[PDB]
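Engineer: Input file: target-v1.tsv. Contents: TSV, N, CA and C atoms.
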```
chain	number	residue	atom	x	y	z
A	14	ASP	N	83.64	102.61	93.26
A	14	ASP	CA	84.04	101.24	93.69
A	14	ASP	C	84.69	101.35	95.07
A	15	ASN	N	84.22	100.57	96.04
A	15	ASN	CA	84.64	100.75	97.43
A	15	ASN	C	84.79	99.42	98.16
A	16	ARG	N	86.01	98.99	98.46
A	16	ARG	CA	86.17	97.79	99.28
A	16	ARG	C	86.75	98.21	100.64
A	17	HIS	N	88.07	98.50	100.70
A	17	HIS	CA	88.66	99.14	101.91
A	17	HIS	C	88.32	100.60	101.80
A	18	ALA	N	88.28	101.01	100.53
A	18	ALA	CA	87.86	102.32	100.06
A	18	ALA	C	86.48	102.71	100.61
A	19	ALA	N	85.74	101.73	101.17
A	19	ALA	CA	84.45	101.97	101.85
A	19	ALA	C	84.54	103.14	102.86
A	20	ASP	N	85.75	103.47	103.33
A	20	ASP	CA	85.98	104.68	104.16
A	20	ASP	C	85.44	105.90	103.40
A	21	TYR	N	85.77	105.96	102.10
A	21	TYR	CA	85.35	107.05	101.21
A	21	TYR	C	83.84	107.13	101.13
A	22	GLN	N	83.17	106.01	101.38
A	22	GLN	CA	81.74	106.00	101.30
A	22	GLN	C	81.19	106.96	102.34
A	23	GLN	N	81.78	106.95	103.54
A	23	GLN	CA	81.39	107.87	104.61
A	23	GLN	C	81.70	109.32	104.26
A	24	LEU	N	82.79	109.53	103.51
A	24	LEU	CA	83.12	110.86	103.00
A	24	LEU	C	81.98	111.32	102.08
A	25	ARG	N	81.46	110.38	101.35
A	25	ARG	CA	80.49	110.64	100.34
A	25	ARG	C	79.09	110.71	100.91
A	26	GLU	N	78.83	109.86	101.87
A	26	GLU	CA	77.60	109.84	102.60
A	26	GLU	C	77.38	111.18	103.25
A	27	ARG	N	78.45	111.76	103.78
A	27	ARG	CA	78.38	113.10	104.28
A	27	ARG	C	78.28	114.10	103.12
A	28	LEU	N	79.08	113.88	102.05
A	28	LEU	CA	79.15	114.75	100.88
A	28	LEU	C	77.76	115.06	100.29
A	29	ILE	N	76.86	114.09	100.33
A	29	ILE	CA	75.49	114.27	99.85
A	29	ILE	C	74.79	115.42	100.60
A	30	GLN	N	74.83	115.39	101.91
A	30	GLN	CA	74.18	116.44	102.70
A	30	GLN	C	75.04	117.68	102.81
A	31	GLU	N	76.33	117.53	102.56
A	31	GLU	CA	77.31	118.61	102.64
A	31	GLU	C	76.88	119.79	101.74
A	32	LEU	N	76.62	119.53	100.46
A	32	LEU	CA	76.09	120.60	99.59
A	32	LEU	C	74.57	120.51	99.47
A	33	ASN	N	74.00	119.51	100.13
A	33	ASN	CA	72.57	119.17	100.02
A	33	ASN	C	72.27	118.79	98.56
A	34	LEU	N	72.80	117.66	98.18
A	34	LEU	CA	72.71	117.17	96.84
A	34	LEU	C	71.68	116.07	96.77
A	35	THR	N	71.08	115.94	95.64
A	35	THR	CA	70.11	114.90	95.41
A	35	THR	C	70.90	113.63	95.02
A	36	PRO	N	70.45	112.40	95.36
A	36	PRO	CA	71.15	111.16	94.94
A	36	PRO	C	71.35	111.09	93.41
A	37	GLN	N	70.45	111.70	92.66
A	37	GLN	CA	70.56	111.74	91.20
A	37	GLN	C	71.55	112.85	90.77
A	38	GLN	N	72.09	113.54	91.74
A	38	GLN	CA	73.04	114.59	91.55
A	38	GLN	C	74.36	114.15	92.20
A	39	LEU	N	74.33	113.01	92.87
A	39	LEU	CA	75.47	112.57	93.59
A	39	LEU	C	75.63	111.06	93.50
A	40	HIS	N	76.13	110.66	92.39
A	40	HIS	CA	76.59	109.32	92.14
A	40	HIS	C	78.06	109.50	91.77
A	41	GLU	N	78.86	108.45	91.76
A	41	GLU	CA	80.29	108.64	91.59
A	41	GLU	C	80.78	109.32	90.29
A	42	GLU	N	79.95	109.40	89.26
A	42	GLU	CA	80.38	110.02	88.00
A	42	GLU	C	80.00	111.52	87.99
A	43	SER	N	79.18	111.90	88.96
A	43	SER	CA	78.68	113.24	89.08
A	43	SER	C	79.84	114.21	89.36
A	44	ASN	N	79.82	115.35	88.68
A	44	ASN	CA	80.89	116.32	88.80
A	44	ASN	C	80.70	117.18	90.04
A	45	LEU	N	81.72	117.24	90.85
A	45	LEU	CA	81.64	117.96	92.11
A	45	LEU	C	81.75	119.47	91.96
A	46	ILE	N	82.56	119.94	91.03
A	46	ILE	CA	82.63	121.40	90.79
A	46	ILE	C	81.32	121.84	90.11
A	47	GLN	N	80.71	120.89	89.41
A	47	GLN	CA	79.44	121.08	88.73
A	47	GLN	C	78.32	121.22	89.76
A	48	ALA	N	78.49	120.53	90.88
A	48	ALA	CA	77.53	120.57	91.97
A	48	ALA	C	77.77	121.78	92.86
A	49	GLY	N	78.91	122.42	92.69
A	49	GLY	CA	79.23	123.61	93.45
A	49	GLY	C	79.98	123.32	94.73
A	50	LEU	N	80.85	122.32	94.71
A	50	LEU	CA	81.66	121.98	95.85
A	50	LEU	C	82.74	123.02	95.99
A	51	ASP	N	82.56	123.87	96.99
A	51	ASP	CA	83.48	124.96	97.27
A	51	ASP	C	84.83	124.42	97.66
A	52	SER	N	85.82	125.27	97.61
A	52	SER	CA	87.14	124.84	97.89
A	52	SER	C	87.42	124.60	99.36
A	53	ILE	N	86.56	125.06	100.26
A	53	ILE	CA	86.80	124.74	101.64
A	53	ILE	C	86.46	123.29	101.81
A	54	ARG	N	85.34	122.86	101.20
A	54	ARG	CA	84.98	121.44	101.20
A	54	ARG	C	86.11	120.63	100.60
A	55	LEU	N	86.60	121.11	99.47
A	55	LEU	CA	87.73	120.51	98.77
A	55	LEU	C	88.93	120.34	99.71
A	56	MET	N	89.24	121.39	100.45
A	56	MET	CA	90.38	121.38	101.35
A	56	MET	C	90.08	120.69	102.66
A	57	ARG	N	88.81	120.55	103.00
A	57	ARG	CA	88.45	119.86	104.21
A	57	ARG	C	88.65	118.38	104.01
A	58	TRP	N	88.24	117.91	102.84
A	58	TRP	CA	88.30	116.52	102.48
A	58	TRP	C	89.71	115.97	102.39
A	59	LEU	N	90.69	116.81	102.08
A	59	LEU	CA	92.08	116.37	101.95
A	59	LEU	C	92.55	115.70	103.25
A	60	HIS	N	92.14	116.27	104.38
A	60	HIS	CA	92.51	115.73	105.69
A	60	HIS	C	91.82	114.40	105.92
A	61	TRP	N	90.63	114.28	105.37
A	61	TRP	CA	89.79	113.12	105.58
A	61	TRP	C	90.36	111.91	104.80
A	62	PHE	N	91.02	112.19	103.69
A	62	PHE	CA	91.69	111.14	102.91
A	62	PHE	C	92.92	110.67	103.62
A	63	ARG	N	93.76	111.62	103.95
A	63	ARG	CA	95.05	111.35	104.57
A	63	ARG	C	94.87	110.72	105.98
A	64	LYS	N	93.64	110.82	106.50
A	64	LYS	CA	93.18	110.23	107.78
A	64	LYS	C	93.56	108.75	107.90
A	65	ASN	N	93.32	107.99	106.84
A	65	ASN	CA	93.61	106.54	106.86
A	65	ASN	C	94.84	106.28	106.05
A	66	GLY	N	95.56	107.34	105.77
A	66	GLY	CA	96.73	107.23	104.98
A	66	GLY	C	96.43	107.14	103.51
A	67	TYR	N	95.20	107.52	103.10
A	67	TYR	CA	94.84	107.48	101.68
A	67	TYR	C	95.70	108.43	100.91
A	68	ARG	N	95.79	108.24	99.65
A	68	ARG	CA	96.92	108.84	98.94
A	68	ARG	C	96.51	109.68	97.79
A	69	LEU	N	96.33	110.96	98.03
A	69	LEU	CA	96.02	111.85	96.94
A	69	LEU	C	96.36	113.27	97.27
A	70	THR	N	96.38	114.08	96.27
A	70	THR	CA	96.62	115.46	96.41
A	70	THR	C	95.41	116.21	95.86
A	71	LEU	N	95.07	117.32	96.47
A	71	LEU	CA	93.86	118.07	96.11
A	71	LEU	C	93.88	118.58	94.67
A	72	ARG	N	95.08	118.77	94.12
A	72	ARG	CA	95.27	119.23	92.73
A	72	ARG	C	94.54	118.26	91.77
A	73	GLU	N	94.38	117.02	92.23
A	73	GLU	CA	93.84	115.93	91.42
A	73	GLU	C	92.33	115.94	91.50
A	74	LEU	N	91.83	116.52	92.57
A	74	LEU	CA	90.42	116.56	92.83
A	74	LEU	C	89.80	117.72	92.06
A	75	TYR	N	90.63	118.72	91.76
A	75	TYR	CA	90.25	119.82	90.89
A	75	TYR	C	90.33	119.37	89.44
A	76	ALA	N	91.41	118.63	89.12
A	76	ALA	CA	91.68	118.15	87.76
A	76	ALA	C	90.56	117.26	87.26
A	77	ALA	N	90.15	116.33	88.08
A	77	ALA	CA	89.04	115.49	87.75
A	77	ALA	C	88.04	115.55	88.88
A	78	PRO	N	87.12	116.52	88.85
A	78	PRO	CA	86.21	116.69	89.92
A	78	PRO	C	84.98	115.81	89.79
A	79	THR	N	85.13	114.62	90.27
A	79	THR	CA	84.11	113.62	90.31
A	79	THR	C	84.43	112.77	91.48
A	80	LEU	N	83.43	112.30	92.17
A	80	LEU	CA	83.64	111.44	93.33
A	80	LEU	C	84.52	110.27	92.97
A	81	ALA	N	84.19	109.67	91.82
A	81	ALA	CA	84.92	108.53	91.27
A	81	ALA	C	86.42	108.77	91.24
A	82	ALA	N	86.85	109.96	90.83
A	82	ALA	CA	88.27	110.26	90.77
A	82	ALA	C	88.88	110.22	92.15
A	83	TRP	N	88.28	110.96	93.09
A	83	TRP	CA	88.81	111.07	94.47
A	83	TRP	C	88.85	109.67	95.09
A	84	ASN	N	87.85	108.89	94.75
A	84	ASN	CA	87.70	107.54	95.23
A	84	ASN	C	88.73	106.60	94.61
A	85	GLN	N	88.83	106.62	93.30
A	85	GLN	CA	89.73	105.71	92.60
A	85	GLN	C	91.18	106.07	92.81
A	86	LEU	N	91.44	107.30	93.23
A	86	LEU	CA	92.79	107.71	93.60
A	86	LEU	C	93.30	106.90	94.81
A	87	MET	N	92.36	106.28	95.55
A	87	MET	CA	92.71	105.37	96.63
A	87	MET	C	93.14	104.03	96.02
A	88	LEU	N	92.19	103.39	95.30
A	88	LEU	CA	92.38	102.05	94.70
A	88	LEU	C	93.49	102.00	93.63
A	89	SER	N	93.70	103.08	92.93
A	89	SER	CA	94.67	103.09	91.84
A	89	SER	C	96.10	103.25	92.36
A	90	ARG	N	96.26	103.46	93.64
A	90	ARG	CA	97.58	103.64	94.20
A	90	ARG	C	97.93	102.53	95.16
A	91	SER	N	96.98	101.65	95.32
A	91	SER	CA	97.07	100.47	96.14
A	91	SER	C	95.73	99.77	96.02
A	92	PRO	N	95.68	98.54	95.50
A	92	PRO	CA	94.42	97.82	95.39
A	92	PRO	C	93.87	97.49	96.77
A	93	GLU	N	92.72	98.04	97.06
A	93	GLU	CA	92.07	97.82	98.32
A	93	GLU	C	90.61	97.49	98.03
```
So, in terms of structure tokens, how does the structure I just supplied come out?
Structural biologist:
Amino acid sequence: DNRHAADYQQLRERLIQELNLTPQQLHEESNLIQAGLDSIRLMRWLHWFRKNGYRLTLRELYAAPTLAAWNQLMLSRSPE
């Protein structure tokens, strides 16, 4: 779900080619550790969130490794 969160869409739009994932392998419920998202990607993305002041910690992206989680961590801490 992306309204202001549409910023995350660009994170994700890149994320598709980042591991070279198929769209059927990369929808928001798709597991990122399952797709093989290395921790550098994981740690690269942290800066990309905090870029717009988005609010999450990488510990949460490991805990629930799905695009949806990283994404909803924006909306669930401020409705946007």
Engineer: Please work out which residues fall within 8 Å of (86.8, 105.1, 94.4), coordinates as given in the file, with all atoms listed in the file counting, and return them as a list in words.
Structural biologist: residues 14, 15, 16, 18, 19, 21, 22, 41, 80, 81, 82, 83, 84, 85, 86, 87, 88 and 89 of chain A
Engineer: Please, could you write that set of residues out with N, CA and C atoms as an mmCIF file, keeping the file's coordinate frame?
Structural biologist:
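What landed in result-v9.cif:
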```cif
data_model
loop_
_atom_site.group_PDB
_atom_site.id
_atom_site.type_symbol
_atom_site.label_atom_id
_atom_site.label_comp_id
_atom_site.auth_asym_id
_atom_site.auth_seq_id
_atom_site.Cartn_x
_atom_site.Cartn_y
_atom_site.Cartn_z
ATOM 1 N N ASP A 14 83.640 102.610 93.260
ATOM 2 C CA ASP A 14 84.040 101.240 93.690
ATOM 3 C C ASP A 14 84.690 101.350 95.070
ATOM 4 N N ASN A 15 84.220 100.570 96.040
ATOM 5 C CA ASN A 15 84.640 100.750 97.430
ATOM 6 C C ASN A 15 84.790 99.420 98.160
ATOM 7 N N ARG A 16 86.010 98.990 98.460
ATOM 8 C CA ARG A 16 86.170 97.790 99.280
ATOM 9 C C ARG A 16 86.750 98.210 100.640
ATOM 10 N N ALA A 18 88.280 101.010 100.530
ATOM 11 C CA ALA A 18 87.860 102.320 100.060
ATOM 12 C C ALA A 18 86.480 102.710 100.610
ATOM 13 N N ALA A 19 85.740 101.730 101.170
ATOM 14 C CA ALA A 19 84.450 101.970 101.850
ATOM 15 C C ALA A 19 84.540 103.140 102.860
ATOM 16 N N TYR A 21 85.770 105.960 102.100
ATOM 17 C CA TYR A 21 85.350 107.050 101.210
ATOM 18 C C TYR A 21 83.840 107.130 101.130
ATOM 19 N N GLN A 22 83.170 106.010 101.380
ATOM 20 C CA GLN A 22 81.740 106.000 101.300
ATOM 21 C C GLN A 22 81.190 106.960 102.340
ATOM 22 N N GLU A 41 78.860 108.450 91.760
ATOM 23 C CA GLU A 41 80.290 108.640 91.590
ATOM 24 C C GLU A 41 80.780 109.320 90.290
ATOM 25 N N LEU A 80 83.430 112.300 92.170
ATOM 26 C CA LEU A 80 83.640 111.440 93.330
ATOM 27 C C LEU A 80 84.520 110.270 92.970
ATOM 28 N N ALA A 81 84.190 109.670 91.820
ATOM 29 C CA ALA A 81 84.920 108.530 91.270
ATOM 30 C C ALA A 81 86.420 108.770 91.240
ATOM 31 N N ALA A 82 86.850 109.960 90.830
ATOM 32 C CA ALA A 82 88.270 110.260 90.770
ATOM 33 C C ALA A 82 88.880 110.220 92.150
ATOM 34 N N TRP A 83 88.280 110.960 93.090
ATOM 35 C CA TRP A 83 88.810 111.070 94.470
ATOM 36 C C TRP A 83 88.850 109.670 95.090
ATOM 37 N N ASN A 84 87.850 108.890 94.750
ATOM 38 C CA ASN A 84 87.700 107.540 95.230
ATOM 39 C C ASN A 84 88.730 106.600 94.610
ATOM 40 N N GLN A 85 88.830 106.620 93.300
ATOM 41 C CA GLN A 85 89.730 105.710 92.600
ATOM 42 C C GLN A 85 91.180 106.070 92.810
ATOM 43 N N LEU A 86 91.440 107.300 93.230
ATOM 44 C CA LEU A 86 92.790 107.710 93.600
ATOM 45 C C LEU A 86 93.300 106.900 94.810
ATOM 46 N N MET A 87 92.360 106.280 95.550
ATOM 47 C CA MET A 87 92.710 105.370 96.630
ATOM 48 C C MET A 87 93.140 104.030 96.020
ATOM 49 N N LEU A 88 92.190 103.390 95.300
ATOM 50 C CA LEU A 88 92.380 102.050 94.700
ATOM 51 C C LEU A 88 93.490 102.000 93.630
ATOM 52 N N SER A 89 93.700 103.080 92.930
ATOM 53 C CA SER A 89 94.670 103.090 91.840
ATOM 54 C C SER A 89 96.100 103.250 92.360
#
```
Engineer: Residue 48 of chain A: which residues within 8 Å, counting only N, CA and C atoms, same-chain residues fewer than 6 positions away excluded, as a PyMOL selection string?
Structural biologist: chain A and resi 32+34+38
Engineer: Name the closest residue to residue 55 of chain A among the candidates A:74, A:67, A:93, A:43; distances are taken between atoms, counting only C-alpha atoms.
Structural biologist: A:74
Engineer: Any idea what the distance is between atom N of residue 66 of chain A and atom N of residue 37 of chain A?
Structural biologist: 28.7 Å
Engineer: How many Å lie between atom CA of residue 70 of chain A and atom CA of residue 30 of chain A, rounded to one decimal?
Structural biologist: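 Answer for the atom CA of residue 70 of chain A to atom CA of residue 30 of chain A separation: 23.3 Å.
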Engineer: How many Å lie between atom CA of residue 76 of chain A and atom CA of residue 35 of chain A, rounded to one decimal?
Structural biologist: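 One can read the atom CA of residue 76 of chain A to atom CA of residue 35 of chain A distance as 23.1 Å.
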Engineer: Could you pull the residues within 6.5 Å of residue 44 of chain A, counting all atoms listed in the file, minus those fewer than 5 positions along the same chain, as a list in words?
Structural biologist: residues 49, 78, 79 and 80 of chain A
Engineer: Please return segment 52-75 of chain A, rebuilt to N, CA, C and O atoms, as a PDB file, in the coordinates of the input.
Structural biologist:
```pdb
ATOM      1  N   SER A  52      85.820 125.270  97.610  1.00  0.00           N
ATOM      2  CA  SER A  52      87.140 124.840  97.890  1.00  0.00           C
ATOM      3  C   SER A  52      87.420 124.600  99.360  1.00  0.00           C
ATOM      4  O   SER A  52      88.415 123.964  99.677  1.00  0.00           O
ATOM      5  N   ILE A  53      86.560 125.060 100.260  1.00  0.00           N
ATOM      6  CA  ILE A  53      86.800 124.740 101.640  1.00  0.00           C
ATOM      7  C   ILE A  53      86.460 123.290 101.810  1.00  0.00           C
ATOM      8  O   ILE A  53      87.210 122.578 102.419  1.00  0.00           O
ATOM      9  N   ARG A  54      85.340 122.860 101.200  1.00  0.00           N
ATOM     10  CA  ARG A  54      84.980 121.440 101.200  1.00  0.00           C
ATOM     11  C   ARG A  54      86.110 120.630 100.600  1.00  0.00           C
ATOM     12  O   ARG A  54      86.544 119.645 101.186  1.00  0.00           O
ATOM     13  N   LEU A  55      86.600 121.110  99.470  1.00  0.00           N
ATOM     14  CA  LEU A  55      87.730 120.510  98.770  1.00  0.00           C
ATOM     15  C   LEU A  55      88.930 120.340  99.710  1.00  0.00           C
ATOM     16  O   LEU A  55      89.519 119.267  99.818  1.00  0.00           O
ATOM     17  N   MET A  56      89.240 121.390 100.450  1.00  0.00           N
ATOM     18  CA  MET A  56      90.380 121.380 101.350  1.00  0.00           C
ATOM     19  C   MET A  56      90.080 120.690 102.660  1.00  0.00           C
ATOM     20  O   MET A  56      90.993 120.305 103.379  1.00  0.00           O
ATOM     21  N   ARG A  57      88.810 120.550 103.000  1.00  0.00           N
ATOM     22  CA  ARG A  57      88.450 119.860 104.210  1.00  0.00           C
ATOM     23  C   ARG A  57      88.650 118.380 104.010  1.00  0.00           C
ATOM     24  O   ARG A  57      89.204 117.684 104.874  1.00  0.00           O
ATOM     25  N   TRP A  58      88.240 117.910 102.840  1.00  0.00           N
ATOM     26  CA  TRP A  58      88.300 116.520 102.480  1.00  0.00           C
ATOM     27  C   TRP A  58      89.710 115.970 102.390  1.00  0.00           C
ATOM     28  O   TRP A  58      89.917 114.779 102.640  1.00  0.00           O
ATOM     29  N   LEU A  59      90.690 116.810 102.080  1.00  0.00           N
ATOM     30  CA  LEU A  59      92.080 116.370 101.950  1.00  0.00           C
ATOM     31  C   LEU A  59      92.550 115.700 103.250  1.00  0.00           C
ATOM     32  O   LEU A  59      93.227 114.659 103.227  1.00  0.00           O
ATOM     33  N   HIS A  60      92.140 116.270 104.380  1.00  0.00           N
ATOM     34  CA  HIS A  60      92.510 115.730 105.690  1.00  0.00           C
ATOM     35  C   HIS A  60      91.820 114.400 105.920  1.00  0.00           C
ATOM     36  O   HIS A  60      92.374 113.491 106.531  1.00  0.00           O
ATOM     37  N   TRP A  61      90.630 114.280 105.370  1.00  0.00           N
ATOM     38  CA  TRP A  61      89.790 113.120 105.580  1.00  0.00           C
ATOM     39  C   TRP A  61      90.360 111.910 104.800  1.00  0.00           C
ATOM     40  O   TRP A  61      90.199 110.759 105.216  1.00  0.00           O
ATOM     41  N   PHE A  62      91.020 112.190 103.690  1.00  0.00           N
ATOM     42  CA  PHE A  62      91.690 111.140 102.910  1.00  0.00           C
ATOM     43  C   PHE A  62      92.920 110.670 103.620  1.00  0.00           C
ATOM     44  O   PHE A  62      93.103 109.479 103.894  1.00  0.00           O
ATOM     45  N   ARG A  63      93.760 111.620 103.950  1.00  0.00           N
ATOM     46  CA  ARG A  63      95.050 111.350 104.570  1.00  0.00           C
ATOM     47  C   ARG A  63      94.870 110.720 105.980  1.00  0.00           C
ATOM     48  O   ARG A  63      95.798 110.155 106.522  1.00  0.00           O
ATOM     49  N   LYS A  64      93.640 110.820 106.500  1.00  0.00           N
ATOM     50  CA  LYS A  64      93.180 110.230 107.780  1.00  0.00           C
ATOM     51  C   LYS A  64      93.560 108.750 107.900  1.00  0.00           C
ATOM     52  O   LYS A  64      94.076 108.317 108.915  1.00  0.00           O
ATOM     53  N   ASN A  65      93.320 107.990 106.840  1.00  0.00           N
ATOM     54  CA  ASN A  65      93.610 106.540 106.860  1.00  0.00           C
ATOM     55  C   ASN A  65      94.840 106.280 106.050  1.00  0.00           C
ATOM     56  O   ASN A  65      95.149 105.148 105.689  1.00  0.00           O
ATOM     57  N   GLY A  66      95.560 107.340 105.770  1.00  0.00           N
ATOM     58  CA  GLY A  66      96.730 107.230 104.980  1.00  0.00           C
ATOM     59  C   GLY A  66      96.430 107.140 103.510  1.00  0.00           C
ATOM     60  O   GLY A  66      97.304 106.753 102.720  1.00  0.00           O
ATOM     61  N   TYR A  67      95.200 107.520 103.100  1.00  0.00           N
ATOM     62  CA  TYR A  67      94.840 107.480 101.680  1.00  0.00           C
ATOM     63  C   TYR A  67      95.700 108.430 100.910  1.00  0.00           C
ATOM     64  O   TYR A  67      96.250 109.379 101.481  1.00  0.00           O
ATOM     65  N   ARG A  68      95.790 108.240  99.650  1.00  0.00           N
ATOM     66  CA  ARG A  68      96.920 108.840  98.940  1.00  0.00           C
ATOM     67  C   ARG A  68      96.510 109.680  97.790  1.00  0.00           C
ATOM     68  O   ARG A  68      96.341 109.176  96.672  1.00  0.00           O
ATOM     69  N   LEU A  69      96.330 110.960  98.030  1.00  0.00           N
ATOM     70  CA  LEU A  69      96.020 111.850  96.940  1.00  0.00           C
ATOM     71  C   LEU A  69      96.360 113.270  97.270  1.00  0.00           C
ATOM     72  O   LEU A  69      96.612 113.599  98.441  1.00  0.00           O
ATOM     73  N   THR A  70      96.380 114.080  96.270  1.00  0.00           N
ATOM     74  CA  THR A  70      96.620 115.460  96.410  1.00  0.00           C
ATOM     75  C   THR A  70      95.410 116.210  95.860  1.00  0.00           C
ATOM     76  O   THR A  70      94.802 115.781  94.885  1.00  0.00           O
ATOM     77  N   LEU A  71      95.070 117.320  96.470  1.00  0.00           N
ATOM     78  CA  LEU A  71      93.860 118.070  96.110  1.00  0.00           C
ATOM     79  C   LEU A  71      93.880 118.580  94.670  1.00  0.00           C
ATOM     80  O   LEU A  71      92.838 118.778  94.058  1.00  0.00           O
ATOM     81  N   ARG A  72      95.080 118.770  94.120  1.00  0.00           N
ATOM     82  CA  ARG A  72      95.270 119.230  92.730  1.00  0.00           C
ATOM     83  C   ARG A  72      94.540 118.260  91.770  1.00  0.00           C
ATOM     84  O   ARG A  72      94.086 118.637  90.705  1.00  0.00           O
ATOM     85  N   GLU A  73      94.380 117.020  92.230  1.00  0.00           N
ATOM     86  CA  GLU A  73      93.840 115.930  91.420  1.00  0.00           C
ATOM     87  C   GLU A  73      92.330 115.940  91.500  1.00  0.00           C
ATOM     88  O   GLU A  73      91.637 115.502  90.580  1.00  0.00           O
ATOM     89  N   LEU A  74      91.830 116.520  92.570  1.00  0.00           N
ATOM     90  CA  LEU A  74      90.420 116.560  92.830  1.00  0.00           C
ATOM     91  C   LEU A  74      89.800 117.720  92.060  1.00  0.00           C
ATOM     92  O   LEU A  74      88.601 117.731  91.779  1.00  0.00           O
ATOM     93  N   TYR A  75      90.630 118.720  91.760  1.00  0.00           N
ATOM     94  CA  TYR A  75      90.250 119.820  90.890  1.00  0.00           C
ATOM     95  C   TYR A  75      90.330 119.370  89.440  1.00  0.00           C
ATOM     96  O   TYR A  75      89.462 119.680  88.637  1.00  0.00           O
TER      97      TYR A  75
END
```
